[PDB]
């Protein structure tokens, strides 16, 4: 089964990736509503998910380059504001928001 754990400190996606990979896990990528809720359970605040549209704008993939199926975008998202928002966070209501990969948020790691 997948197990999700939340970080205590906030950091940009690249550091979030490094943190989860340090324990041989990955940044949490919910594949369905059950997993999305499981991530909500552990994230006490806005937290990074392992999804990006860095390759092609508006084509969201997990960190292994696998195009995602399930999405739970907050109304109005993804909006790619300004210079670009190519990373994704799980808001406190469980919905998603695309944000700059360089911005800092808690991270939820996934292990199985």
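Positions refer to the first chain, counted from 1. Heads up, when I say rigid core I mean the largest set of C-alphas that superpose within 1.5 Å between the two forms.
Q: After superposing on the rigid core, which of 53-61 and 31-39 has its C-alpha atoms sitting farther from this form in 8 other deposited structures of this protein?
A: With the rigid core superposed, the C-alphas that lie farther in 8 other deposited structures of this protein are those of 53-61.
Q: Which is higher in the entry, the mean Cα B factor of 73-81 or that of 25-33?
A: Result: 73-81.
Q: Tell me which stretch, 62-70 or 41-49, has the higher mean Cα B-factor listed in the entry.
A: Result: 62-70.
Q: In terms of the chain's CA B-factor thirds, is residue 112 lowest, middle or highest?
A: CA B-factor rank for residue 112: highest third.
Q: Please say which third, lowest, middle or highest, residue 14 falls into when its CA temperature factor is compared across its chain.
A: According to the entry, residue 14 has a C-alpha B-factor in the chain's highest third.
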